[PDB]
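Student: can you look at this? It's an experimental structure, sequence on top.
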Amino acid sequence: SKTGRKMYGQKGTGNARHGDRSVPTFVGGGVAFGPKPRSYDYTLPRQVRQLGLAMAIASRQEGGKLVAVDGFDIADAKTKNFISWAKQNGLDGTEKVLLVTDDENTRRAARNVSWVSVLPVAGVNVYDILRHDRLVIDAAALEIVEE
Amino acid sequence: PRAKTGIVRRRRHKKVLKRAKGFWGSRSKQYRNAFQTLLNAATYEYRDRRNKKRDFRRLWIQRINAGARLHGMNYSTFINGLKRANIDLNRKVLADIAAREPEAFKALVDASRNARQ
Amino acid sequence: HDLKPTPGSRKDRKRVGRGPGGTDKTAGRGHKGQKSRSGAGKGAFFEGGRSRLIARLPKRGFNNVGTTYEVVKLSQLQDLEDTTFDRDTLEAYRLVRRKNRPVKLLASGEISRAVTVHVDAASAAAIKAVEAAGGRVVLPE
RNA sequence: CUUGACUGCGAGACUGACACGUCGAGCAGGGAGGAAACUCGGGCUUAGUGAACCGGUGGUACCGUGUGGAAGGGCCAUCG
RNA sequence: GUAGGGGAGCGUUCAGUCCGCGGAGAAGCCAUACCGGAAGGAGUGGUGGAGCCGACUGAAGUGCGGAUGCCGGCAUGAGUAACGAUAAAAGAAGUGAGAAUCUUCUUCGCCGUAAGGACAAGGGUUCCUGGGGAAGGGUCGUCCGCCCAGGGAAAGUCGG
RNA sequence: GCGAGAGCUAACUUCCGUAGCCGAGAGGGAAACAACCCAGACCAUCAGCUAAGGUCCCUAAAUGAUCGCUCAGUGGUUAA
RNA sequence: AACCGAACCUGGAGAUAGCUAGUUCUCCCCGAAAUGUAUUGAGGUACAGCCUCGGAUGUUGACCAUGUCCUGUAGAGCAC
RNA sequence: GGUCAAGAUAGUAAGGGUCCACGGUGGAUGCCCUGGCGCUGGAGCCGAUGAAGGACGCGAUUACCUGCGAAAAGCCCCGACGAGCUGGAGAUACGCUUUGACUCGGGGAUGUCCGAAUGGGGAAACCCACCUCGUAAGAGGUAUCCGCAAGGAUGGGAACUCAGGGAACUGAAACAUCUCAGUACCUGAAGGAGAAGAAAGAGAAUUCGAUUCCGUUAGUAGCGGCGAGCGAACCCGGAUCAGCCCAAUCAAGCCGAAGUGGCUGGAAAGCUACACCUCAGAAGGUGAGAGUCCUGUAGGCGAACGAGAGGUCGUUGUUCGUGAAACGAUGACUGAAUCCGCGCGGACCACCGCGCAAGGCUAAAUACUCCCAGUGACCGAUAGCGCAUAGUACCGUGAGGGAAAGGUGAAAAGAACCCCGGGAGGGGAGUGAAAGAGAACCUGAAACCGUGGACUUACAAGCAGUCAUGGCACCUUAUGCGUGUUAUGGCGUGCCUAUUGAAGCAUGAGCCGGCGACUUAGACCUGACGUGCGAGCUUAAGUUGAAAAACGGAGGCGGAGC
Ligand SMILES: [Mg+2]
Ligand SMILES: [Mg+2]
Ligand SMILES: [Mg+2]
Ligand SMILES: [Mg+2]
Ligand SMILES: [Mg+2]
Ligand SMILES: [Mg+2]
Ligand SMILES: [Mg+2]
Ligand SMILES: [Mg+2]
Ligand SMILES: [Mg+2]
Ligand SMILES: [Mg+2]
Ligand SMILES: [Mg+2]
Ligand SMILES: [Mg+2]
Ligand SMILES: [Mg+2]
Ligand SMILES: [Mg+2]
Ligand SMILES: [Mg+2]
Ligand SMILES: [Mg+2]
Ligand SMILES: [Mg+2]
Ligand SMILES: [Mg+2]
Ligand SMILES: [Mg+2]
Ligand SMILES: [Mg+2]
Ligand SMILES: [Mg+2]
Ligand SMILES: [Mg+2]
Ligand SMILES: [Mg+2]
Ligand SMILES: [Mg+2]
Ligand SMILES: [Mg+2]
Ligand SMILES: [Mg+2]
Ligand SMILES: [Mg+2]
Ligand SMILES: [Mg+2]
Ligand SMILES: [Mg+2]
Ligand SMILES: [Mg+2]
Ligand SMILES: [Mg+2]
Ligand SMILES: [Mg+2]
Ligand SMILES: [Mg+2]
Ligand SMILES: [Mg+2]
Ligand SMILES: [Mg+2]
Ligand SMILES: [Mg+2]
Ligand SMILES: [Mg+2]
Ligand SMILES: [Mg+2]
Ligand SMILES: [Mg+2]
Ligand SMILES: [Mg+2]
Ligand SMILES: [Mg+2]
Ligand SMILES: [Mg+2]
Ligand SMILES: [Mg+2]
Ligand SMILES: [Mg+2]
Ligand SMILES: [Mg+2]
Ligand SMILES: [Mg+2]
Ligand SMILES: [Mg+2]
Ligand SMILES: [Mg+2]
Ligand SMILES: [Mg+2]
Ligand SMILES: [Mg+2]
Ligand SMILES: [Mg+2]
Ligand SMILES: [Mg+2]
Ligand SMILES: [Mg+2]
Ligand SMILES: [Mg+2]
Ligand SMILES: [Mg+2]
Ligand SMILES: [Mg+2]
Ligand SMILES: [Mg+2]
Ligand SMILES: [Mg+2]
Ligand SMILES: [Mg+2]
Ligand SMILES: [Mg+2]
Ligand SMILES: [Mg+2]
Ligand SMILES: [Mg+2]
Ligand SMILES: [Mg+2]
Ligand SMILES: [Mg+2]
Ligand SMILES: [Mg+2]
Ligand SMILES: [Mg+2]
Ligand SMILES: [Mg+2]
Ligand SMILES: [Mg+2]
């Protein structure tokens, strides 16, 4: 918001020449080359997303920090019981764990644990996985995510 | 995101300025004239490394000629004299002999005028 | 965080200006001139102010889209398809996807085993060589 | 005596930043002069020239907006 | 080695992750003879008082001496020019922390179809009283058209 | 510089041909001096040889040698 | 309404600007051009010419000798 | 030793210089937030029942702001909360409140004067009337246009929508058709959307079936001083689906798990030892960093009121510039058939196809963002809005233009009292962890001004450097490769720009600090590098999911050229 009116005369004055106070050489002016709202979202080739995810699981397998799992056992939606279950499975606390399952209550039991991040269904992705140390796969989704 | 200058310009500046202590007047207190003075300083440094190598040779030569002539010999004739008798001395060293040790320089003189005969 | 992109995947850009490193003063642009200036324009087909090559050259003939025939080769159908046959919706599922255009068959390289083909037209030597190998060619009514 | 001051082409060079420009063997149709070998696609040579665009005219039956026609364009020639 | 092309890097914010520091003291600031081929980087000490370094990766409002560039602060000219009509001042006395400048007295000087008096337009409390003295007053002020408080303006007949 | 025109066989002139340098070239020499002469600087050295150019003092280096010349400061700027 | 050969305010509006200024961190490698022709063109632009990077080739380049052909200047000469 | 003589050298600095120390100025830098910015999502009209916007008022004291309107920081009832309250304002006094205050939610009553203003006038916020009731006080009425009446209209609203009117710069490297562009601007009407809409259609399959919007077709078909440049549609894939009548659950709120001891510290959240809750480890506040101290979060509960025809001339529209110019569209003139009839299919005719003009309404997908909420590889005081708030101060007759502004401390415990001074200012004391935080209060750079100290300078020619050496001084990366400073010698034509050529007496520049210039976009073009698939490769709109991503083949690229 600077009027576009010429401030004063093109020659004469003895000053340097200016036309406006809305100019990027002007304190309080415009940014020359600022950021305007834009987008960064492209389409990475599908086969590469797939090969990726794959290679995530593969990487975590040579770990060996894969832990395939069937059924679970967490009483009725309680975090303390998640903690005991985890503890029986070697999850001391000294690792960060991604859990993927489709069962409402096991997630509902993990969540509030600092060191567990909780993911439903095929919310899976290379980032979240590679972010953490351990992966709780579970396993039910694994025999389908082969075929 | 934006990235101000924060801190960099002042560090650069102080660098120049701190190279520039003992410079007269604004040359040691204003950045630009410091930085500038320093460009010319660049020229002078590089040059004078070569040039001091030029200068010291000169000095040695002066002293040598002096000693040479004390004992009745020109320098040039003294140096062909030395090359003839295949004495192979630095003129840095020849100077120091000439200035520091009288009798020894004398001996080199006699050897050289012999090589001349 | 462990990961790194491939050597030579990502070159850092040109930051012209930014000191005598470096492209000093004029940022590539050279000294003075219309090319030096900052404005959107010339553009690309502007020679001198002159009289352009394209403008000096003779125009020939009108323009017409007509019909274009989608090419199918023999050599494709031949050697290693083992005749899953042609039909109409079969060709697609194998490899000659287009739509909106009529299909033509052309000679390509070689014929041997006999097959039944379903196109919209084909070349003389193609019908001739497809029959001389025992196969028939079908043009519509 | 004649209409080569010719159609369909062009191996290969000269020459120009490009566009131009210049020379040209040889093949076909089909002719001229010669008894004939042969020569002729203008003038001993080097100047006598104007790119595109839009339009005139003679041929041509390539496109022609549901189809068949016709207006109109396109092609070769050609004039301003 | 100039325009220009190419190559390897330094530093800055923000972002993800890893490491990890921090009231027995972070960033920032300050001094420094150490380190690196250069952008640069550490060691120690002084400052400061609550946040921050290193590594890899990502994205930029990412690096300044110039543009009679923009905003801001402070220099030079310099204790220089000037203090705004050449109508003019002197003494006593008073006051006061402080007086050539304020108050009183006595004179002196200058306007007197004005430099006196009364309206209009405009201004807006500048009027009166009592107080004040940072700044405003081209010096100084104890004073003021300045600052604070409180008062003051009255229409059947003037003007609408 | 050499080769020409133009110009007054003037110009630190103008326009071409040609070599080199400056341009974009630091270093030594020519007092000073883009261009001339020597010479192309990756960095360090209180090391040695040379180029052009120099060796009375300022100023590194023979007040060198031998046979002459000039006596005019010619040297240290022009002609019939 | 203190600058009128067309007032002032805001807007189109970041008008256009073949023009002048300005263009910021470091080191390493190579490294120009200011010529040609064409331009309502002459301090601007197109294409060549010259630079660099990459991929191809693989001595094709360079100098110098030998061989061979082309030339009408220097000089000279007076045959037109 | 004394006199004379000849010679050589020293110190003193009026002021200056370099360095060091210690301050002042000033407000960079770092940290911070009470203020902004964008995106997404929500929500969308007000007004004769007097609006938007104001004027004047209302206070124990009231200038500004807020709230209100002579019933005037407020009055009535209902609902919530349950102990404080008496606005920003922090200040004294008066007092109110468990008979339920204050605050929050919801309705009503009052609501001066101006402003569409509307009784008449008027230089807005002021002047002057008339009528009915009333005892007066007071109350109500007195505009224009449609209508019989009832009732409707006028005015305002950033963008968004449609309509009447409609630029130029500029691009064409000049310009006139052309382009900018039906953009800017002006006017109108209206809504929370609006427009548009129910085929005399698109079209070429005798296919499709209201409109709008997205992708795509496609820079294709075409347009064009056939120059610059302009540029569809059909198909196909989506978003949302609709066609009827006439003329013969959210808005107050409540409930809500779990920790202590020792240590450092001014202060505990940090450290440490054991300990617990988690459908709750989102976040903020607490003297430094708190899952378990407070507010909260997950989860649950939750209200009386509240909310959901044809023609000819002149022209023009879409790719439509007189082109062979169809078709629509009107300004002028003229003017037919009604079913074996009518209108189209790009001059024009036949044929073959699609269509029922001259009568109206219509939600949904779409646009926008004044306002509200969430988010952020957005900004943190020259940044971000012009404002850490102000359209104020200030400038202008006016239209209009238009600033800078930030920080004690955890807590005011805001320094009683003593000393110099009229005061200002300061020194103590006291508080504080620290006054190395004192209200010109976070850090506090540089320019610039001073005090003090080191070595220095009064025979000297200088781009102020650089090299070499000697003198003095100093010893925390420091007894050597030294650090500071100097004497003397050698050497040396500021920087940038622009140029054939710059120290140039050519340009720019007072100084330092901050701001300050090669970027973004498209699903465009063309190369280099890399990666995934590979004779194949890939999706776009969108759909669903969403502390992620998956689907989606319409389309596009290769595949054959001439
Ligand atoms: Mg601001
Ligand atoms: Mg040497
Ligand atoms: Mg580069
Ligand atoms: Mg520069
Ligand atoms: Mg320039
Ligand atoms: Mg034309
Ligand atoms: Mg014809
Ligand atoms: Mg014809
Ligand atoms: Mg180099
Ligand atoms: Mg980081
Ligand atoms: Mg930071
Ligand atoms: Mg500056
Ligand atoms: Mg000036
Ligand atoms: Mg200034
Ligand atoms: Mg004086
Ligand atoms: Mg003076
Ligand atoms: Mg004087
Ligand atoms: Mg005076
Ligand atoms: Mg006076
Ligand atoms: Mg006087
Ligand atoms: Mg007294
Ligand atoms: Mg007086
Ligand atoms: Mg008296
Ligand atoms: Mg008077
Ligand atoms: Mg009055
Ligand atoms: Mg005064
Ligand atoms: Mg007094
Ligand atoms: Mg008075
Ligand atoms: Mg009376
Ligand atoms: Mg010349
Ligand atoms: Mg040189
Ligand atoms: Mg030289
Ligand atoms: Mg010299
Ligand atoms: Mg010269
Ligand atoms: Mg020699
Ligand atoms: Mg000598
Ligand atoms: Mg005037
Ligand atoms: Mg401009
Ligand atoms: Mg414009
Ligand atoms: Mg080289
Ligand atoms: Mg030039
Ligand atoms: Mg070129
Ligand atoms: Mg060869
Ligand atoms: Mg001759
Ligand atoms: Mg003194
Ligand atoms: Mg008020
Ligand atoms: Mg009342
Ligand atoms: Mg109540
Ligand atoms: Mg309460
Ligand atoms: Mg009225
Ligand atoms: Mg014009
Ligand atoms: Mg033009
Ligand atoms: Mg309206
Ligand atoms: Mg017409
Ligand atoms: Mg038209
Ligand atoms: Mg019509
Ligand atoms: Mg700040
Ligand atoms: Mg005091
Ligand atoms: Mg001093
Ligand atoms: Mg003397
Ligand atoms: Mg002296
Ligand atoms: Mg010049
Ligand atoms: Mg040049
Ligand atoms: Mg000068
Ligand atoms: Mg100058
Ligand atoms: Mg000039
Ligand atoms: Mg000047
Ligand atoms: Mg590739």
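Tutor: Sure, I can see it. Numbers count the residues shown, from 1 in each chain, chains lettered A, B, ... in the order given. Ligands and ions are numbered 1, 2, ... in the order given.

Student: need the contact list for the most far-flung residue of chain B relative to its centre.
Tutor: The centre of chain B is farthest from one residue, residue B:1, which by C-alpha atoms, centre = their mean lies 54.5 Å away. Neighbouring residues of residue B:1 by C-beta atoms under 8 Å, 6 or more residues apart in numbering or on different chains: residue A:35. C-beta: built from backbone N, CA, C; applies to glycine.

Student: for it, give its distance to residue A:35.
Tutor: 8 Å (C-beta to C-beta, to the nearest Å).

Student: same question for residue B:104.
Tutor: Distance of residue B:104 to residue A:35, given as C-beta to C-beta: 81 Å.

Student: which one of those two has more residues nearby?
Tutor: Neighbours were tallied for residue B:104 and for residue A:35 using other C-beta atoms under 10 Å in any protein chain shown; the higher tally belongs to residue B:104 (11 against 8).

Student: tell me if I'm right that that one and residue B:97 touch.
Tutor: Yes. Between residue B:104 and residue B:97 there is a contact under C-beta atoms under 8 Å: 5.5 Å.

Student: shared neighbours, the two?
Tutor: Common neighbours of residue B:104 and residue B:97 (C-beta under 8 Å, 6+ apart) do not exist.

Student: list the residues that contact the closest residue to residue C:73 other than its chain neighbours.
Tutor: Of all residues not flanking residue C:73 in the chain, residue C:108 sits nearest, at 3.7 Å (C-beta to C-beta, 6 or more residues apart in numbering or on different chains). By C-beta under 8 Å, 6+ apart, the contact set of residue C:108 is C:73, C:74, C:75, C:76, C:78.

Student: tell me the most packed of those, by neighbour count.
Tutor: Busiest of those [other C-beta under 10 Å] is residue C:74, holding 23 neighbours.

Student: so the spatially closest residue to that residue that is not a sequence neighbour, which of the three states?
Tutor: Once flanking residues are discounted, residue C:74 sits nearest to residue C:108: 4.2 Å by C-beta to C-beta, 6+ apart. Residue C:108 falls in the coil class when you classify it by DSSP: H, G, I helix; E, B strand; the rest coil.

Student: please apply the same query to residue A:24.
Tutor: Classified using three-state DSSP, residue A:24 is coil.

Student: that one: neighbour count?
Tutor: Neighbours of residue A:24 using other C-beta under 10 Å come to 10.

Student: that one touches residue A:31, doesn't it?
Tutor: Yes. Contact between residue A:24 and residue A:31 holds when scored by C-beta under 8 Å: they sit 6.3 Å apart.

Student: please enumerate the helices of the chain.
Tutor: Went with chain A since none was named. Ranges of helices within chain A are A:46-61, A:79-88, A:104-110, A:126-131, based on DSSP state H.

Student: ah, I was thinking of chain C
Tutor: According to DSSP H, the helices that chain C contains are C:53-56, C:74-77, C:89-94, C:124-131.

Student: pick the most buried one from those.
Tutor: When the helices of chain C are scored by mean count of other C-beta atoms under 10 Å in any protein chain shown, the highest mean neighbour count falls to helix C:74-77 (a mean of 19).

Student: how many neighbours does residue 106 have?
Tutor: Since you didn't name a chain, this refers to chain A. Residues near residue A:106, counting by other C-beta under 10 Å: 23.

Student: ah, no, chain C please
Tutor: Quick note: residue C:106 (other C-beta under 10 Å) scores 16 neighbours.

Student: ok, now which ones touch the residue nearest the centre of chain B?
Tutor: Geometric centre of chain B, nearest residue: residue B:52, 2.6 Å, by C-alpha atoms, centre = their mean. Neighbour list for residue B:52: empty [criterion: C-beta under 8 Å, 6+ apart].

Student: hang on, it in a helix?
Tutor: Yes. Counting by three-state DSSP, one finds residue B:52 located in a helix.

Student: how close does the residue of chain B found nearest RNA strand G sit to chain A?
Tutor: In chain B, the residue that lies nearest RNA strand G is residue B:12 (7.0 Å; C-beta to the nearest atom of the strand). Distance of residue B:12 to chain A, computed by C-beta to the nearest C-beta, to the nearest Å: 22 Å.

Student: so is the helix or strand where that residue lies next to RNA strand H?
Tutor: Residue B:12 is located in helix B:8-19, with elements delineated by DSSP states H and E. Yes. With C-beta under 7 Å from any atom of the strand as the criterion, RNA strand H is reached by helix B:8-19 at B:9, B:10, B:13.
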